[PDB]
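Chemist: Can you read through this structure? Questions will come right after.
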Amino acid sequence: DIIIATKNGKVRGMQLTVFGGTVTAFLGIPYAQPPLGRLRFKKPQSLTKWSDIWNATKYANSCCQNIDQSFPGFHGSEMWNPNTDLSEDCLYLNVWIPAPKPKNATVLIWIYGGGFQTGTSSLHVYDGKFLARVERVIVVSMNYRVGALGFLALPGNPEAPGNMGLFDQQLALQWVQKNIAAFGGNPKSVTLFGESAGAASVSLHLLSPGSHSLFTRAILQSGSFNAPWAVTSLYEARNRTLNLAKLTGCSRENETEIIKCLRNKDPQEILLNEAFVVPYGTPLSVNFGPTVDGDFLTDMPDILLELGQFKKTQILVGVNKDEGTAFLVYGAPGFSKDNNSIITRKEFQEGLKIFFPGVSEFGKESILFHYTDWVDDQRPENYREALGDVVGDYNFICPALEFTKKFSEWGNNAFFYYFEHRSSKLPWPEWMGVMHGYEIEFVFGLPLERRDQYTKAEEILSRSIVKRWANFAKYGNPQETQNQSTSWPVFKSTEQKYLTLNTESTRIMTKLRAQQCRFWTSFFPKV
Ligand SMILES: *[C@@H]1O[C@H](CO[C@@H]2O[C@@H](C)[C@@H](O)[C@@H](O)[C@@H]2O)[C@@H](O[C@@H]2O[C@H](CO)[C@@H](O)[C@H](O)[C@H]2NC(C)=O)[C@H](O)[C@H]1NC(C)=O
Ligand SMILES: *[C@@H]1O[C@H](CO[C@@H]2O[C@@H](C)[C@@H](O)[C@@H](O)[C@@H]2O)[C@@H](O[C@@H]2O[C@H](CO)[C@@H](O)[C@H](O)[C@H]2NC(C)=O)[C@H](O)[C@H]1NC(C)=O
Ligand SMILES: COCCN(C[C@H]1CCCN(Cc2ccccc2)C1)S(=O)(=O)c1ccc2ccccc2c1
Ligand SMILES: *[C@@H]1O[C@H](CO[C@@H]2O[C@@H](C)[C@@H](O)[C@@H](O)[C@@H]2O)[C@@H](O)[C@H](O)[C@H]1NC(C)=O
Ligand SMILES: *[C@@H]1O[C@H](CO[C@@H]2O[C@@H](C)[C@@H](O)[C@@H](O)[C@@H]2O)[C@@H](O)[C@H](O)[C@H]1NC(C)=O
Ligand SMILES: *[C@@H]1O[C@H](CO[C@@H]2O[C@@H](C)[C@@H](O)[C@@H](O)[C@@H]2O)[C@@H](O)[C@H](O)[C@H]1NC(C)=O
Ligand SMILES: *[C@@H]1O[C@H](CO)[C@@H](O)[C@H](O)[C@H]1NC(C)=O
C-alpha cells in the first residue's frame, strides 16, 4: 500500500511491474472542481479539500468530445478514440513515480493533442510507466476540456471567456508545483511536452505569463501556436459562438443569457452542432480553439513571438516526415487507406479545394505551381505525394520551423529533429509514410517492451529518444552521451542544423524544406 498526502487530501496509488521493476501509478487525481452546471464554460475552479483516501487507481472520465467514426473497427483510427467514459466531470490527472520513490526527480508533464477537439490522457500511447521506470523521471499527464466546452469564446465575458482548456492545463501545472515534491518530484525541474494541439498548447504556455513560473523547459512534437489551425481570431470565435447559439435555439441579445441557455443544453446537443459553426469545414478544422482572451493570451501570439515576449528557456522542437498524409483519407477525393491512392491532376486540384476552401483561385493555383514542377513528370505518385506534402508543410513543418527560428533569435538554445521512421506496427498503409502522431509511441518507450512485436532496431531508437528527451528535461541538452551517438547541435537561425531520427543513420542536416517553407511563410500569407 502506498498513500501520498497532498494539499487537498490523501491519495492511494497502485504498484506496477515494469521491466523487472516497479513503478507507482496514481491514475485519476482530481485537480479542479468538476466544471458542471453553472461552471460549464467557466475557468476551472479551485478544488475543495477532501478527507478520505482518494483511490487513484484507474484512469478517470475523458472530457466530452466527438469520436472519429470514419474507420469503425480499424485500430489505426480507433487507437486515438477515448478509452474511458466521456463526461463533463473530467478534470483529472495522472502521476507515474519511479520505485523506489525518487528523492528529487525531474518531472515530465504531457499535454495530448487532438485538434483541441479530441484527446485524453488515458490513451495507451501516453502511458508514462516506461519513462518513469527507465529514466527515473516522474511523468504527469492531465485531461483538459476540448471543443466548445473547452474553448467557446465570448471575449471579456467570464461566463465564456475562451481558453478554458488552457486554464485547465495551467491549473494542473499549479498542482504539480504545489504537490509533486510530496511524490518525490522537483517542482523546479518541470519539462512540458505535447504533440500536435498538445504541442501548440506547450508553445502557448511559453507565451502566457501566468504559466512562466510553472515549468522549466518545453518540448514541441509536430505543433506550435503559429500553425494556421492553432489560434482562432476574436472574429471567428464570436461568429462561431453566435452560430452555435443558433443551432441550439439559444440565440439571444444578452450575451450572458445565450450562455445560460447553452448551460442547460445537453453535452451531446452542443457536440453535434460544433461541426457546422463554420461554413466550409476541412479535416483540419479547429472549430473551437485558443483565442486572444486578454487573460491567458494578452495579444496575438505571432506579435509576441516576433518581439521576443515569451519565457526564455530551452526548447526541443520537431516534426515527422509525413505529417500531412493522415488527413488525406478524411475527405480528399481519390484517397483511401485501402488502396495506394494514386490520384490525377484534377484530383489533386480538387483536394486543394477540400483543404483550402476559402482560398482564392489564384491562391490554389500558386500552391499547385509551387508543388507540381516534377523531377519526374511521369512518376504516378507525383500528385499523391504532393498533396500530402502540401498539407504537412503548411500545417505542421513550416510553422514549427518558423517558430524555432524566431524563438532561438532571442538567445536560447533550441534543438530541432526530423522523425523519419515508420513504425513496423503502423496499421495504416505504406503510402502514408511516417504519419502524424506516430513518433509518440517511440517517445513514450513502448518499443522498449519486448513483448510487443516492435523490431530490435525500434527498441534501440526508442531507447535513444527516451534518453535524449530525459536528458533534455533534466539538463536542457538532448544528448545521448554514452553510446557514441551523433551529437545534436543547437538550432541557429543562420545554419539551421537539425537531427534526423531513424533506425538507419542519425544525421545532421541543414535547412529543412527550405524552398517549400519560403512559399508558405512569405508568399502564401499574402493571398
Ligand atoms: C458567420 O456566420 C454566418 C452564419 O453561418 C451559417 O449559419 C450557421 C448556423 C451554420 O449553419 C453555417 O454552416 C452557416 O453558413 C455565415 O453566413 C453564411 O455563409 C454561407 C457561406 O459563406 C452562406 O451560404 C449562408 O447563406 C450565410 N448565412 C448567413 C445567415 O449569412 C458567415 O459566412 C460567417 N462569417 C464568416 C466570415 O465565415
Ligand atoms: C481508391 O479508393 C477510393 C475510395 O473509394 C472506396 O474505396 C475503394 C477501396 C472501394 O471499396 C470503392 O468501392 C469505395 O467507394 C476510390 O474513390 C472512389 O472511386 C469511385 C470510382 O472508382 C468514385 O465513384 C468515388 O466517388 C470515389 N470515392 C472517393 C471517396 O474518392 C478510388 O477511386 C480508389 N483509387 C484507386 C487508385 O484504387
Ligand atoms: C472527431 O474527428 C475530427 C477529426 N480529427 C482528426 C482525426 C484524423 C487524424 C488522426 N486523428 C488522431 C490523432 C493523431 C495524432 C494526434 C492526435 C490525434 C484524428 S481531430 O479532431 O483529431 C483534429 C482536428 C483538427 C486538427 C488540426 C490540426 C492538427 C490536428 C487536428 C486534429
Ligand atoms: C479504496 O480502496 C480500498 C482498498 O482497495 C483495495 O485494496 C487494496 C489493498 C488494493 O489492492 C486496491 O487495488 C484494492 O482495490 C477500499 O478498502 C476502500 O473502501 C476504497 N474506497 C473507496 C472505493 O471509496
Ligand atoms: C531539489 O533540487 C533543487 C534544484 O533544482 C535544480 O535547479 C533548477 C534551477 C533546475 O535547473 C533543475 O533542473 C535542477 O535540477 C533544489 O533547489 C531543492 O532544494 C532540492 N530539494 C530537495 C528536497 O531535494
Ligand atoms: C547503450 O548500449 C547498451 C549496450 O551496449 C553496450 O554498452 C554501452 C555502454 C557501450 O559500451 C556499447 O559498446 C556496448 O556494446 C544498452 O544496454 C543501453 O541501454 C544503451 N543506452 C542508450 C541510452 O541507448
Ligand atoms: C446581460 O445579463 C446580465 C446578467 O443577468 C445583466 O446584468 C445585463 O444587464 C445583461 N445585459 C444586457 C441585457 O444588455
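Identifiers in this document derive from the order of the C-alpha cells: chains are assigned A, B, ..., residues are numbered from 1 separately in each chain, and ligands are numbered from 1 in order of occurrence.
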Per DSSP on the backbone, filter segment 135-281 of chain A down to the residues in alpha helix (DSSP H) and report them as JSON, numbers by chain.

Modeler: {"A": [135, 147, 148, 149, 150, 151, 164, 165, 166, 167, 168, 169, 170, 171, 172, 173, 174, 175, 176, 177, 178, 179, 197, 198, 199, 200, 201, 202, 203, 204, 205, 206, 207, 234, 235, 236, 237, 238, 239, 240, 241, 242, 243, 244, 245, 246, 247, 255, 256, 257, 258, 259, 260, 261, 262, 263, 267, 268, 269, 270, 271, 272, 273]}

Chemist: Include C-alpha atoms and write out the residues we just selected as a compact mmCIF listing (two decimals), in the first residue's frame.

Modeler:
# COMPACT_ATOMS: atom_id res chain seq x y z
CA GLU A 135 14.79 7.23 -16.80
CA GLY A 147 -14.21 21.54 -28.22
CA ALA A 148 -16.75 24.22 -27.45
CA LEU A 149 -16.90 23.10 -23.81
CA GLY A 150 -13.20 23.95 -23.66
CA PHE A 151 -12.80 26.97 -25.93
CA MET A 164 -10.77 27.34 -20.52
CA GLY A 165 -8.98 24.19 -21.72
CA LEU A 166 -5.69 26.07 -21.48
CA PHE A 167 -6.52 27.23 -17.95
CA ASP A 168 -7.31 23.58 -17.15
CA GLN A 169 -3.78 22.67 -18.31
CA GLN A 170 -2.46 25.60 -16.29
CA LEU A 171 -4.34 24.54 -13.19
CA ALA A 172 -2.74 21.11 -13.46
CA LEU A 173 0.71 22.72 -13.73
CA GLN A 174 -0.02 24.57 -10.46
CA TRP A 175 -0.99 21.21 -8.93
CA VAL A 176 2.42 19.86 -9.88
CA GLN A 177 4.02 22.95 -8.37
CA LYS A 178 2.20 22.52 -5.06
CA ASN A 179 2.23 18.71 -4.71
CA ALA A 197 -2.53 20.59 -30.36
CA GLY A 198 -0.64 19.48 -27.25
CA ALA A 199 2.50 20.98 -28.77
CA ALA A 200 0.67 24.21 -29.68
CA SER A 201 -0.55 24.25 -26.07
CA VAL A 202 3.02 23.93 -24.81
CA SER A 203 4.05 26.81 -27.06
CA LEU A 204 1.19 28.95 -25.74
CA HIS A 205 2.37 28.28 -22.19
CA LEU A 206 5.74 29.78 -23.17
CA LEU A 207 3.77 32.88 -24.15
CA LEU A 234 -11.69 37.14 -32.00
CA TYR A 235 -13.80 37.49 -35.16
CA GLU A 236 -14.23 33.80 -35.96
CA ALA A 237 -14.58 33.00 -32.26
CA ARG A 238 -17.56 35.30 -31.87
CA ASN A 239 -19.08 34.30 -35.24
CA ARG A 240 -18.70 30.66 -34.14
CA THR A 241 -20.07 31.28 -30.64
CA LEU A 242 -23.01 33.08 -32.26
CA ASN A 243 -23.56 30.33 -34.83
CA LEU A 244 -23.65 27.59 -32.19
CA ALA A 245 -26.26 29.58 -30.25
CA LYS A 246 -28.49 29.48 -33.33
CA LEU A 247 -28.24 25.74 -33.96
CA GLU A 255 -24.65 37.71 -24.21
CA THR A 256 -24.81 36.25 -20.71
CA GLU A 257 -28.25 34.80 -21.47
CA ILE A 258 -27.08 32.90 -24.57
CA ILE A 259 -24.57 31.27 -22.24
CA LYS A 260 -27.22 30.37 -19.67
CA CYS A 261 -29.25 28.79 -22.46
CA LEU A 262 -26.18 26.84 -23.58
CA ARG A 263 -25.75 25.82 -19.93
CA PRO A 267 -23.38 17.90 -23.91
CA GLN A 268 -24.48 15.85 -26.92
CA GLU A 269 -26.52 18.71 -28.37
CA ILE A 270 -23.51 21.03 -28.20
CA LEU A 271 -21.31 18.31 -29.71
CA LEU A 272 -23.35 17.54 -32.87
CA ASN A 273 -23.52 21.25 -33.65

Chemist: Would you kindly return, as a list in words, each protein, DNA or RNA residue with an atom no farther than 6 Å from any atom of segment 457-472 of chain A, considering only C-alpha atoms and excluding same-chain residues fewer than 6 positions away?

Modeler: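 Here the qualifying residues turn out to be residues 442, 443, 445, 447, 448, 478, 479, 480 and 503 of chain A.
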
Chemist: Any idea what's packed within 8 Å of residue 113 of chain A, counting only C-alpha atoms, ignoring anything in its chain fewer than 2 positions away? Could you give it as a JSON list (two decimals) with N, CA, C and O atoms, in the first residue's frame?

Modeler:
[["chain", "number", "residue", "atom", "x", "y", "z"],
["A", 111, "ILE", "N", 0.92, 16.86, -22.48],
["A", 111, "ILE", "CA", -0.30, 17.52, -22.93],
["A", 111, "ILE", "C", -0.65, 16.91, -24.28],
["A", 111, "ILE", "O", 0.09, 17.10, -25.26],
["A", 115, "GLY", "N", -6.39, 18.36, -32.11],
["A", 115, "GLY", "CA", -7.01, 19.49, -32.77],
["A", 115, "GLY", "C", -7.78, 20.41, -31.84],
["A", 115, "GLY", "O", -8.61, 21.19, -32.31],
["A", 116, "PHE", "N", -7.54, 20.33, -30.52],
["A", 116, "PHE", "CA", -8.33, 20.99, -29.49],
["A", 116, "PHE", "C", -9.80, 20.54, -29.50],
["A", 116, "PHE", "O", -10.63, 21.16, -28.83],
["A", 118, "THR", "N", -10.45, 16.84, -29.57],
["A", 118, "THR", "CA", -10.45, 15.45, -29.11],
["A", 118, "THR", "C", -9.22, 15.19, -28.25],
["A", 118, "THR", "O", -8.32, 16.03, -28.15],
["A", 119, "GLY", "N", -9.17, 14.00, -27.63],
["A", 119, "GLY", "CA", -7.97, 13.57, -26.93],
["A", 119, "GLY", "C", -8.20, 13.22, -25.47],
["A", 119, "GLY", "O", -9.20, 13.64, -24.87],
["A", 194, "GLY", "N", 4.26, 17.86, -25.39],
["A", 194, "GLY", "CA", 2.99, 17.54, -26.00],
["A", 194, "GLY", "C", 3.14, 17.43, -27.50],
["A", 194, "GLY", "O", 4.14, 17.87, -28.08],
["A", 195, "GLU", "N", 2.13, 16.83, -28.13],
["A", 195, "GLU", "CA", 2.14, 16.63, -29.57],
["A", 195, "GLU", "C", 0.91, 17.27, -30.19],
["A", 195, "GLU", "O", -0.18, 17.24, -29.62],
["A", 196, "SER", "N", 1.12, 17.88, -31.36],
["A", 196, "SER", "CA", 0.06, 18.46, -32.18],
["A", 196, "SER", "C", -0.61, 19.58, -31.40],
["A", 196, "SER", "O", 0.09, 20.54, -31.01],
["A", 197, "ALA", "N", -1.93, 19.55, -31.18],
["A", 197, "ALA", "CA", -2.53, 20.59, -30.36],
["A", 197, "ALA", "C", -1.90, 20.62, -28.97],
["A", 197, "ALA", "O", -1.82, 21.70, -28.36],
["A", 198, "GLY", "N", -1.41, 19.47, -28.48],
["A", 198, "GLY", "CA", -0.64, 19.48, -27.25],
["A", 198, "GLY", "C", 0.63, 20.32, -27.39],
["A", 198, "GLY", "O", 0.99, 21.09, -26.50],
["A", 199, "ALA", "N", 1.30, 20.19, -28.54],
["A", 199, "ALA", "CA", 2.50, 20.98, -28.77],
["A", 199, "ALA", "C", 2.16, 22.47, -28.89],
["A", 199, "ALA", "O", 2.86, 23.32, -28.31]]

Chemist: My list of candidates is A:30, A:76, A:357, A:281. Which is closest to residue 426 of chain A when distances are computed with only C-alpha atoms?

Modeler: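 Residue with the minimum atom-to-atom distance to residue 426 of chain A: A:76.
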
Chemist: Please, which residues in chain A fall within 6 Å of ligand 2 when counting only C-alpha atoms and all ligand atoms, and what is the closest atom pair and distance in Å to one decimal for each, ordered by chain then residue number, as CSV?

Modeler:
residue,atom,partner,partner_atom_place_in_ligand_line,distance
A:333,CA,ligand 2,31 (O),3.9
A:334,CA,ligand 2,31 (O),3.8
A:335,CA,ligand 2,3 (C),5.4
A:336,CA,ligand 2,2 (O),4.8
A:338,CA,ligand 2,9 (C),5.1
A:339,CA,ligand 2,38 (O),4.7
A:341,CA,ligand 2,37 (C),5.0
A:342,CA,ligand 2,37 (C),4.8

Chemist: Applying 10 Å and only C-alpha atoms, which residues near residue 283 of chain A remain after dropping the ones on its own chain fewer than 3 positions away? List them as a PyMOL selection string.

Modeler: chain A and resi 115+286+326-332+354-355

Chemist: For the residues selected in the previous step, produce a file with C-alpha atoms as a CSV table (one decimal), in the first residue's frame.

Modeler:
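Generated file (selection38.csv):
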chain,number,residue,atom,x,y,z
A,115,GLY,CA,-7.0,19.5,-32.8
A,286,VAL,CA,-10.5,23.6,-35.3
A,326,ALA,CA,-3.2,11.2,-42.2
A,327,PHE,CA,-5.7,13.9,-43.2
A,328,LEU,CA,-6.0,13.0,-46.8
A,329,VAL,CA,-8.2,9.9,-46.1
A,330,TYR,CA,-10.7,12.1,-44.3
A,331,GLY,CA,-12.1,13.9,-47.3
A,332,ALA,CA,-9.6,14.2,-50.2
A,354,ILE,CA,-11.1,20.4,-49.8
A,355,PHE,CA,-8.2,21.7,-47.7

Chemist: Show me, as a tab-separated table, the residues of chain A having an atom within 12 Å of ligand 4, each with the closest atom pair and its distance in Å, using only C-alpha atoms and all ligand atoms.

Modeler:
residue	atom	partner	partner_atom_place_in_ligand_line	distance
A:1	CA	ligand 4	9 (C)	6.2
A:2	CA	ligand 4	9 (C)	9.3
A:3	CA	ligand 4	8 (C)	10.8
A:10	CA	ligand 4	1 (C)	11.3
A:11	CA	ligand 4	1 (C)	9.5
A:12	CA	ligand 4	1 (C)	7.7
A:13	CA	ligand 4	13 (O)	7.9
A:14	CA	ligand 4	13 (O)	6.3
A:15	CA	ligand 4	13 (O)	8.8
A:16	CA	ligand 4	13 (O)	10.9
A:24	CA	ligand 4	13 (O)	11.9
A:25	CA	ligand 4	13 (O)	11.2
A:26	CA	ligand 4	13 (O)	11.2
A:27	CA	ligand 4	13 (O)	11.6
A:50	CA	ligand 4	24 (O)	11.8
A:51	CA	ligand 4	24 (O)	11.1
A:52	CA	ligand 4	24 (O)	7.6
A:53	CA	ligand 4	21 (N)	6.7
A:54	CA	ligand 4	24 (O)	6.7
A:55	CA	ligand 4	1 (C)	5.0
A:56	CA	ligand 4	1 (C)	8.5
A:57	CA	ligand 4	13 (O)	6.6
A:58	CA	ligand 4	13 (O)	9.4

Chemist: Considering only C-alpha atoms and all ligand atoms, can you say which of A:423, A:134, A:218, A:521 comes closest to ligand 6?

Modeler: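 For ligand 6, the nearest of the given residues is A:134.
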
Chemist: What do you get as a ChimeraX atom specification if you pick all residues at most 6 Å from ligand 5, counting only C-alpha atoms and all ligand atoms?

Modeler: /A:104,186,188-189,474

Chemist: Measuring between only C-alpha atoms and all ligand atoms, which one of A:499, A:376, A:158, A:96 shows the shortest distance to ligand 7?

Modeler: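 Nearest candidate to ligand 7 out of A:499, A:376, A:158, A:96: A:158.
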
Chemist: Between atom CA of residue 301 of chain A and atom CA of residue 228 of chain A, what is the distance, to one decimal in Å?

Modeler: 11.9 Å

Chemist: Skip residue 8 of chain A itself and residues of its chain fewer than 2 positions away, then list as a list in words all residues within 7 Å of it, counting only C-alpha atoms.

Modeler: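 Returned residues: residues 6, 48, 49 and 50 of chain A.
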
Chemist: Report, in Å with one decimal, the straight-line distance from atom CA of residue 390 of chain A to atom CA of residue 232 of chain A.

Modeler: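 Separating atom CA of residue 390 of chain A from atom CA of residue 232 of chain A is a distance of 21.4 Å.
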
Chemist: How many Å lie between atom 5 (N, counted along the ligand's line) of ligand 3 and atom CA of residue 513 of chain A, rounded to one decimal?

Modeler: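 Atom CA of residue 513 of chain A lies at a distance of 25.3 Å from atom 5 (N, counted along the ligand's line) of ligand 3.
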
Chemist: Find the residue from A:45, A:280, A:213, A:224 that sits nearest to ligand 1; use only C-alpha atoms and all ligand atoms when measuring.

Modeler: A:280

Chemist: Find the residue from A:43, A:406, A:7, A:265 that sits nearest to residue 303 of chain A; use only C-alpha atoms when measuring.

Modeler: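 Nearest to residue 303 of chain A: A:406.
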